């Protein structure tokens, strides 16, 4: 019954892409969804956020689209670099403490 869940560990490759699915419970349908970066958790940098609608939003190399029927918002990171590796979070914006789930992103070169 966690408010938002996702993959604990994802791996991409340089100049490639990776996709992250953040699942949430029905109650958070009409809330803004976001994808943020870094630690400490609650001072992370929001990279892209929705307007609580199902519109796809793209900022720089990060995209986000909220599916308010299956209650999953999907994050896509394009043209990956080694510097993209780190801790990220699926996020739902509310007053006070946000529902957040830690996502570790590993990036390597193509073999």
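Positions refer to the first chain, counted from 1.
> Against its chain's modelled residues, does residue 50's Cα B factor rank lowest, middle or highest third?
Residue 50: CA B-factor falls in the middle third of its chain.
> Classify residue 33 as lowest, middle or highest third according to the C-alpha B-factor given in the PDB entry, relative to its own chain.
Tercile = lowest for this residue's CA B-factor.
> By its CA B factor, does residue 62 count among the lowest, middle or highest third of the modelled residues in the chain?
Middle third, going by the recorded CA B-factors of the chain.
> Sort the modelled residues of this chain by their C-alpha B factor and say whether residue 77 lands in the lowest, middle or highest third.
Ranked within chain, residue 77 CA B lands in the middle tercile.
> If you rank every modelled residue in this chain by C-alpha B factor, which third holds residue 107: lowest, middle or highest?
It falls in the middle third of the chain.
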